[PDB]
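Below: one structure, written as structure tokens.
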Amino acid sequence: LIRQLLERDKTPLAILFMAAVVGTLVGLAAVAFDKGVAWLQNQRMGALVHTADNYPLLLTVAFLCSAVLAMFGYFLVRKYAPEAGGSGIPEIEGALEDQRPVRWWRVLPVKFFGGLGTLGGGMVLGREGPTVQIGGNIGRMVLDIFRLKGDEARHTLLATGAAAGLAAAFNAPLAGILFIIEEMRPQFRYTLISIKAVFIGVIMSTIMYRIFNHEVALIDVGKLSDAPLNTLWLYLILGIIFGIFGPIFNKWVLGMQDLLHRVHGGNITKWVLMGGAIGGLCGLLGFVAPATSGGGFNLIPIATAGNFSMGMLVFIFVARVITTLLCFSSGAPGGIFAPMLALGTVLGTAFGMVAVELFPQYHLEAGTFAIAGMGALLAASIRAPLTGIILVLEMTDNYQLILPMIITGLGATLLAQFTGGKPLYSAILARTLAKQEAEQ
Amino acid sequence: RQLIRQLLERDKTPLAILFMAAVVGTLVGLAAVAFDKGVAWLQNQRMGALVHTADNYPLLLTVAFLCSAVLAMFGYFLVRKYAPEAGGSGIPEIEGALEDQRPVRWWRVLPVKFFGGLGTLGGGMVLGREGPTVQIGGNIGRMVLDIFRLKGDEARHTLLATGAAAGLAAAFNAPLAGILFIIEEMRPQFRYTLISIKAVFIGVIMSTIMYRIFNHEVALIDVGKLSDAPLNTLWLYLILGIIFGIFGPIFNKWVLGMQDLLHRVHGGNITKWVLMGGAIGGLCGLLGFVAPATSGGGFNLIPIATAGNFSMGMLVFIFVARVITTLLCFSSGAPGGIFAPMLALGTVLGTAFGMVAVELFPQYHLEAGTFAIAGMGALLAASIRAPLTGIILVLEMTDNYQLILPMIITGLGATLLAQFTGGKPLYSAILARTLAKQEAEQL
């Protein structure tokens, strides 16, 4: 009696089956990207050990290999795909609506190969941007394979691919679910089946991630002490000092974009030569000191343990802000999410040392502010606290301090609105839509 | 200075909303702490009285029957008079008040939900403390807004939201599930304004602070670290998801039939209603001493059934004689929620399916107790259709965050087979029936 009624409910089960195949296709193409970025990074620095007789020659070999990888990425991006260069999240936030197209023809080779080129070279970016853009474009690709002309299936499978990309870029299933409901809330349908397709995508993508990697947390810090009471106002003070800083590192990106848009003009023969020099200089800076340059997913346990002085922390913070403004605002095919975690961990440790020095009788531990700083800086700069305070907990497993994290996320997202500020993934989207409308 | 004075009075209208959200958070923190201390004192006093007068067995049976029936009649007569809307699940009468449907009364709801809702729950009925305090928060948000007469349109649907969120957060010690409840479950009712979503955060943290002041932070359920679920038994949670998805609309149709089946035993008058409900509360207080895991508050068995073990026949007896008493003690019209009895109904079927799976599948290295954590958030997601709240709510109070993937697996299965098989959310169907009654009593 079920088989005759199954045809009456056929077309939602079609969307569920496409969500189940998206959760395999991305989640395989995410683990392939992660293994590709693990390759030719340790292989790149292992190609450096048999040439230690001439140290400037070693410097120039590191500079040239990072520069040719960045030039490969920028040449593969600035040809065949002007929509690939950037953080990826606005270019599908405008594609959940009918404002920006998802052209999977020439992005899914381009974003993957350019992300390998700009991430194995050692630039500051961190892969969730390419992983979510690849996920959304796979969610658009598989709807072209099995021909479906529904005007809601393409809005459902894009959100399913985005959720299943973010749930494999971070091993964060719950944050992969809530990223759609928080960051892409005005670009969503929620018609009682587009939460189920998102669930199937997140489940299958996390299964295909954990079937290859065996790690309980992407950032391996142990069980820190739980934050007691009568010391959560220090987390509120950290929230205030991040809410002041939030729009400052939201105006700086949009200023550095307009600054670096004129150093090359519009032709790719200057953009490639500028971005290759930027990526090579960042690779040399990563060889010289592997704390100022490099991706965001190093240095977070090293800082949250407390293995840094105050002057080293402020030098790492200044040079890290400079290099994450230089290596992302040039139209790079990488993400700005993980460098925000690096900046948050650095300033959280720099505040935790101060809070331990000033108040000894609170019995503090300077790692807890380093944990809360990422979930506050994401809330201050992208204006999405609910999918930040779980994205920094799904890969840390420090669930005991879950209340000061909400306190500092609230304190960041309040003073990010008291000061005139906007979400970065909406400011970039509105700016490129205004640029496209001014062009056409 | 003059520049910060000019910027201060320009934004005086959202800042007043945030300050009232802080006041609502502190008030529901004090109210829920007083509610938990009241029901704890009532349960401890009743058990101490029965232990003191436990000399002869028929006398001990009769005094334990008269207790939690005198309190039940005091919790029913004070509801059926002065407050015809209080005696329900608490939450749907403010889900129909996030809109403009139901009136948000604080005149005769707070001294009803904090007198009868204390008296019929501290006596030891099946219903949990989740239901009263969310309505207490949503009805004290209007009291906070009406003590200073702000009278804004965006203010009322913000202080009806932060009261519910902070009431849930002070109920189950869950500062994520409080926000996620009225982000996900209240999606057809709550309006995003980018200031209300800050006011809800303010209310949730300022109520969780006033809860963690009085109750020391360990857990609500005493299961520390169960075994993790590897990537070989993840399909086995999906079968329990299918089972709970079938049980989804099979449950809360018994509620739908019982709410109109117990309407014939008393009609509509107060005297036969309170005399039926006194016998119901006395039967439940008797079953809370004859076999003190079949009935009660619903939290006295979850560290027992999750960590330790019952027998299989004992577990199916607990499940059957718990289904037969949850409907009997809730659907009469009592002040109490179906979060905690739903969790108690989920953990027993989870432990029973775990004891089935550890015997029929020996070659999985299965710990049988870890399926009950999935079963709680599976029956909750199947009968309320709020999976994203139901995962994080049981994860806030069991602290087994090492298994978050089988939780989403069984929530997916439960929601999918509760949507394919024709079912409705219970907290929306109760609201639809009460709205139909309100529109039909006039015409």
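So you can find residues: chains in the structure tokens are A, B, ... in the order shown, residues in each start at 1, and ligands are numbered from 1 in order.
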
Determine which residues of chain B sit within 7 Å of chain A, taking into account only C-alpha atoms, and present them as a ChimeraX atom specification.
/B:175,198,201,205,231,409,412

Residue 245 of chain B environment, 10 Å, only C-alpha atoms, sequence neighbours closer than 4 positions dropped, as a PyMOL selection string:
chain B and resi 239-241+249-251+378-379+381-383+410-421+423

The selected residues should be written to file as a tab-separated table (two decimals), in the first residue's frame (atoms: C-alpha atoms).
chain	number	residue	atom	x	y	z
B	239	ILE	CA	16.76	2.55	12.64
B	240	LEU	CA	15.91	4.06	16.03
B	241	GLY	CA	15.23	7.28	14.13
B	249	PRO	CA	2.39	10.88	15.12
B	250	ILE	CA	1.27	7.79	17.03
B	251	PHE	CA	2.10	9.82	20.10
B	378	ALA	CA	14.70	11.59	18.86
B	379	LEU	CA	11.28	11.39	20.53
B	381	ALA	CA	12.26	15.89	17.58
B	382	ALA	CA	9.55	13.48	16.43
B	383	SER	CA	6.73	14.80	18.63
B	410	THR	CA	18.29	10.09	14.71
B	411	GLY	CA	16.74	13.57	14.61
B	412	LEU	CA	16.84	13.36	10.81
B	413	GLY	CA	15.18	9.94	10.85
B	414	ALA	CA	12.55	10.98	13.40
B	415	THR	CA	11.65	14.25	11.65
B	416	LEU	CA	11.65	12.59	8.22
B	417	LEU	CA	9.34	9.72	9.19
B	418	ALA	CA	7.18	12.09	11.22
B	419	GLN	CA	6.76	14.33	8.16
B	420	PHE	CA	6.23	11.57	5.58
B	421	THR	CA	3.71	9.81	7.79
B	423	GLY	CA	1.74	14.25	11.62

Shell around residue 139 of chain B at 8 Å using only C-alpha atoms, local window under 3 positions removed, as number ranges by chain
B: 104-106, 109-110, 135-136, 142-143, 160, 163

Writing out the chosen residues with N, CA and C atoms as a PDB file, in the first residue's frame:
ATOM      1  N   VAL B 104      -1.765  38.407  26.617  1.00  0.00           N
ATOM      2  CA  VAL B 104      -0.625  38.089  27.474  1.00  0.00           C
ATOM      3  C   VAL B 104      -0.962  38.665  28.844  1.00  0.00           C
ATOM      4  N   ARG B 105      -1.620  37.865  29.673  1.00  0.00           N
ATOM      5  CA  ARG B 105      -2.063  38.327  30.978  1.00  0.00           C
ATOM      6  C   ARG B 105      -0.973  38.091  32.014  1.00  0.00           C
ATOM      7  N   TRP B 106      -0.699  39.112  32.823  1.00  0.00           N
ATOM      8  CA  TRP B 106       0.111  38.953  34.020  1.00  0.00           C
ATOM      9  C   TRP B 106      -0.668  39.265  35.285  1.00  0.00           C
ATOM     10  N   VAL B 109      -2.123  35.141  35.999  1.00  0.00           N
ATOM     11  CA  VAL B 109      -1.374  34.010  35.463  1.00  0.00           C
ATOM     12  C   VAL B 109      -0.153  33.694  36.321  1.00  0.00           C
ATOM     13  N   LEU B 110       0.626  34.722  36.678  1.00  0.00           N
ATOM     14  CA  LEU B 110       1.743  34.536  37.606  1.00  0.00           C
ATOM     15  C   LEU B 110       1.323  34.013  38.982  1.00  0.00           C
ATOM     16  N   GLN B 135       5.987  29.883  30.180  1.00  0.00           N
ATOM     17  CA  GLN B 135       4.836  30.772  30.261  1.00  0.00           C
ATOM     18  C   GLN B 135       5.032  31.843  31.323  1.00  0.00           C
ATOM     19  N   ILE B 136       5.759  31.526  32.399  1.00  0.00           N
ATOM     20  CA  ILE B 136       6.067  32.520  33.424  1.00  0.00           C
ATOM     21  C   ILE B 136       6.980  33.604  32.860  1.00  0.00           C
ATOM     22  N   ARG B 142       5.637  40.750  29.586  1.00  0.00           N
ATOM     23  CA  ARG B 142       4.568  41.733  29.460  1.00  0.00           C
ATOM     24  C   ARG B 142       4.378  42.525  30.748  1.00  0.00           C
ATOM     25  N   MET B 143       4.673  41.920  31.903  1.00  0.00           N
ATOM     26  CA  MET B 143       4.597  42.660  33.161  1.00  0.00           C
ATOM     27  C   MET B 143       5.712  43.692  33.262  1.00  0.00           C
ATOM     28  N   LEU B 160       8.040  39.249  24.718  1.00  0.00           N
ATOM     29  CA  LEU B 160       7.412  37.935  24.709  1.00  0.00           C
ATOM     30  C   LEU B 160       8.343  36.845  24.215  1.00  0.00           C
ATOM     31  N   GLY B 163      11.492  36.486  27.265  1.00  0.00           N
ATOM     32  CA  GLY B 163      10.956  35.818  28.438  1.00  0.00           C
ATOM     33  C   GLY B 163      10.875  34.317  28.259  1.00  0.00           C
TER      34      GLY B 163
END

7 Å contact set for segment 98-102 of chain A, only C-alpha atoms, chain neighbours under 4 positions out, as a compact mmCIF listing (two decimals) with C-alpha atoms, in the first residue's frame:
# COMPACT_ATOMS: atom_id res chain seq x y z
CA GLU A 91 29.19 34.81 -4.20
CA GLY A 94 23.90 36.47 -3.82
CA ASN A 137 28.55 24.67 -7.00

Min atom-atom distance to residue 403 of chain B from the set B:339, B:229, B:377, B:438, counting only C-alpha atoms, belongs to B:229

Find the residues near segment 329-344 of chain A: any atom within 8 Å, counting only C-alpha atoms, skip ones fewer than 2 places away on the same chain, and give them as a ChimeraX atom specification.
/A:73-74,77,84-88,111,114-115,118-119,124-130,253-254,256-257,260-261,275,295-300,317,320-321,324-327,346-348,370,372-378

Can you tell me, as a PyMOL selection string, what residues are no more than 9 Å from segment 64-68 of chain B when counting only C-alpha atoms, ignoring any on the same chain fewer than 4 positions away?
chain B and resi 46-47+49-50+59-60+72-73+119-125+278-279+281-286+289

If you count only C-alpha atoms, which residues fall within 9 Å of residue 154 of chain A, apart from same-chain ones fewer than 5 positions away, as a list in words?
residues 96, 139, 140, 143, 148, 149 and 159 of chain A

From the options B:147, B:54, B:182, B:63, which residue's atoms come nearest to residue 388 of chain B, counting only C-alpha atoms?
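Counting only C-alpha atoms, the residue closest to residue 388 of chain B is B:182.
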
Which of segment 137-190 of chain A fall in alpha helix (DSSP H), as an NGL selection string
:A and (137-145 or 153-169 or 173-182)

Residue nearest residue 287 of chain B - candidates B:79, B:216, B:375, B:329, atoms counted: only C-alpha atoms:
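Checking each candidate against residue 287 of chain B, we get B:329 as the closest.
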
What are the closest atom pairs, with distances in Å to one decimal, for all residues of segment 326-434 of chain B lying within 8 Å of segment 310-322 of chain B? Consider only C-alpha atoms, order rows by chain and residue number, and present the result as a tab-separated table.
residue	atom	partner	partner_atom	distance
B:326	CA	B:322	CA	6.0
B:345	CA	B:319	CA	6.6
B:348	CA	B:319	CA	6.3
B:349	CA	B:319	CA	7.1
B:352	CA	B:315	CA	6.6
B:355	CA	B:312	CA	7.7

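Closest approach to residue 101 of chain B among B:75, B:356, B:189, B:277 is made by B:189 (distances from only C-alpha atoms).
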
For each of B:225, B:5, B:12, B:151, take the minimum atom-to-atom distance to residue 398 of chain B, counting only C-alpha atoms, then give the residue where this is smallest.
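Residue with the minimum atom-to-atom distance to residue 398 of chain B: B:225.
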